[PDB]
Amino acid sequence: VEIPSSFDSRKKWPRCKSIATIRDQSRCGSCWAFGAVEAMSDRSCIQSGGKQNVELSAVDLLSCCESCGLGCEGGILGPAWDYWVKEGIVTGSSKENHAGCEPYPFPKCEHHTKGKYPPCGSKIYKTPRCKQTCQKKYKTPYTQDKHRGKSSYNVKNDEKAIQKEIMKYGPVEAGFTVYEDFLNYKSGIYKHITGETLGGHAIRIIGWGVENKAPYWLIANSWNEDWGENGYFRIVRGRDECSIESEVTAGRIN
């Protein structure tokens, strides 16, 4: 099929409320789990024609997936998607909304940027326990609130393949390398210019575009709406900038 010059999942599937929802991972290294549950929420809705229209629980995945790494100390994408396929993930909103089976336990904070939330600072919460219990007001038992995928996979390090995957099946999770200058991002199309590595980060790629001839990916971060472009950023597309085309993972419900 023909790939359009720009694509935005928010515009293609606006009935799916997760797609335009920016989350905050708080003072926990759970980016891996956020990019996962965000894209899983999106795809559950997209691929079911809107029948599933839920916010999947970051804390269920973060706390209960044993094979996914080190919890609030960082994690691994492939096993996060395997967990969704095999065990599934329950529902759960942000702390402040406290909806669904297992809402997130940690409050919004600023991630190296200015705004209306307390600064995140440098300290990290301990990984929450795997409690397997919906909040008192939610009247579905934990195991019966699970949402499962059918398959999970890595996407080829090929720009066109990634575009086709997003436009047919919905937003994807992706890893990339964080350099110090990324923490100064306010707006625009990011590329690494200054600073040393801070390791990686995991995010949700929702589309692409071009401005002033410069191609980009359009990405949701998990650092709240004050960060970047109302929670989003753009990064150079087509040159594997910061490995953005090389660590893409997603999955399907059918």
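All residue numbers are counted from 1 along the displayed sequence.
Item to check | Greater mean Cα temperature factor according to the PDB record, 169-177 or 148-156 | outcome: Looking at the record's C-alpha B-factors, the answer is 148-156.
- Using only the Cα atoms and their B-factors as the entry lists them, report which of 130-138 and 180-188 averages higher. Here the higher of the two C-alpha B-factor means belongs to 130-138.
- Query: Between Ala39, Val54, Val59, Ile193, where does the Cα B-factor run highest in the record?
  - Reply: Reading the PDB entry, the winner on C-alpha B-factor is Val54.
- Message: Using only the C-alpha B-factors in the record, can you name which of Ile162, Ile89, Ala99, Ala80 has the highest?
- Response: Going by the entry's C-alpha B-factors, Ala99 comes out highest.
> Where does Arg237 sit by CA temperature factor within its chain: lowest, middle or highest third?
Replying inline: It falls in the bottom third of the chain.
Ranked C-alpha temperature factor of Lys12 among modelled chain residues, by third:
It falls in the middle third of the chain.
Would you mind ranking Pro215 by its C-alpha B-factor against the rest of the chain and naming the third, lowest, middle or highest? According to the entry, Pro215 has a C-alpha B-factor in the chain's lowest third.
Report task. Give the position of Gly200 by CA B-factor within its chain, expressed as the lowest, middle or highest third. Result -> According to the entry, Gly200 has a C-alpha B-factor in the chain's highest third.
(request) Give the position of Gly228 by CA B-factor within its chain, expressed as the lowest, middle or highest third. (result) It belongs to the lowest third of the chain when residues are ordered by C-alpha B-factor.
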